[PDB]
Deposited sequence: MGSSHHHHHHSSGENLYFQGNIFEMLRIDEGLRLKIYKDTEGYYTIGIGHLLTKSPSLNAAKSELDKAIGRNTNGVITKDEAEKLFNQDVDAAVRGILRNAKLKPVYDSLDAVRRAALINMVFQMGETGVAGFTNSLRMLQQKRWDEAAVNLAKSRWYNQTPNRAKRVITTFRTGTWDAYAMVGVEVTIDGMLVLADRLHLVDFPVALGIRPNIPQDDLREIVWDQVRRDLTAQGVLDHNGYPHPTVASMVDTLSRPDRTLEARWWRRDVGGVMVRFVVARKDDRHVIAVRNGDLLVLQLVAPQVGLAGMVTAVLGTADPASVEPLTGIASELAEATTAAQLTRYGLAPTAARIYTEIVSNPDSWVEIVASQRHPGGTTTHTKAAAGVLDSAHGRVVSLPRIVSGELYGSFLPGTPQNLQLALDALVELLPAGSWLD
């Protein structure tokens, strides 16, 4: 599903710049709200509260809604486009670009300013000549690219493709200690046990180096607070409403554990590789099957018949000779084996995990998915060819075993 990924300039910059609903202080000391909407230059806080109330037409106490931040953002986009169209170095390139690549260019102005963007003289001519691949390579040769790697990558991919796909799943990579530093800063505990994120003077020198490193990546801001998008990722993993928790065994090599977590409308993928954690904030348009596929990769479905009239562990103790030899090789010697359980959080702070699990098998004959069923009080198992549709079916069945019976 979701073969045409729909983005827009506001969601793009919400992710890259970060949406702040509370008055904020950038590095230069200026008070800011929304997506980098400058409130005042004054070194004073109260001046900022005055200016914010004027722009909103409401007494706000330094707190706005997402809709209000979008209003301010639209004015800033106009101001940035107005500036671009009056800059002889940027107007020709902007006029030639499609709407998506225009948003990528507006994205850069938001970050480094109209003059800084005009300094990419080589890349700007490549974009005007529709040499997408060359511009993408050239842009990566800037200090901008290394200063903010995750943002520049997405913007450069957007310049290359002219699509929104770079924002379907946006990822950050942190060490287990960096994750603990973020959680400590955000008042977060109760992470999925499957990720193994567990809680003086020696710890302080260790974390002050990690904090310095996170600041260098733009994961922590100038006062040591996380980027709002990273904050969103880590928060979603703390006390999620739903999770898929997976154990992933790879014949080609240690078991990898990863999680898909939902909290309200946010989805986060968390893969742990040793002492490394990869977090991905996932756009609502993506489906559960797509999130799992993002971790496991694509594979050709194994041309097999269904094998659902199977009781629990009876599978492991009326098929064809051919259909029997295929299935035997799949389970006996699989290239890869994933088991996925699901959980849900209850209002009272407790959680339920399924006992049954959905399965994904890769082999020389193609991928296979295993769908769990509780019928008449006994656990059933059904093997199906591993298409993204059947994977979604296996995950739907798994989730239906939760007290709520749905992912919502």
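The deposited chain is incompletely modelled, with C-alpha atoms absent over 1 to 13, 213 to 216, 271 to 272, 337 to 345, 437.
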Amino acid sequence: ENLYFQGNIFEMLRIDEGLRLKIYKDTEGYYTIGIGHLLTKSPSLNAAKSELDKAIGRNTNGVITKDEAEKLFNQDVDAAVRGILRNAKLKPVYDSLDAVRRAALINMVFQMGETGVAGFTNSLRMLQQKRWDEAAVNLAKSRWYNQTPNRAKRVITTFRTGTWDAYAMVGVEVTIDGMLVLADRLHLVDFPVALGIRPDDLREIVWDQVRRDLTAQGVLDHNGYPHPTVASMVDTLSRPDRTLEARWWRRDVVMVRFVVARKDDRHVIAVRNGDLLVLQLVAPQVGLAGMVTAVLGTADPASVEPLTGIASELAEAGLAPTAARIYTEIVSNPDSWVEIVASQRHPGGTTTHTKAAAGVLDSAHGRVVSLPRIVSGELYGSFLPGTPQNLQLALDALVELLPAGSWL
From here on, numbers count along this sequence of modelled residues.
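When 272 to 280 is weighed against 118 to 126, 118 to 126 comes out higher, by mean CA B-factor as recorded in the entry. Stretches compared: 190 to 198, 158 to 166. Higher mean C-alpha B-factor in the entry: 190 to 198. Of the residues listed, 266, 131, 325, 242, the entry assigns the biggest Cα temperature factor to 325.
Note on 35, 342, 369, 48: the highest value goes to 48, judged by CA B factor as recorded.
When the modelled residues of the chain are ordered by C-alpha B-factor, residue 293 sits in the lowest third. Residue-level temperature factors show residue 222 in the highest third of its chain, judged at the C-alpha atom. Residue 304 sits in the highest third of its chain by CA B factor, as recorded in the PDB entry. Among the modelled residues of its chain, residue 144 has a C-alpha B-factor that falls in the highest third, as given in the PDB entry.
Annotation for residue 80: C-alpha temperature factor in the lowest third relative to the rest of the modelled chain, per the entry.
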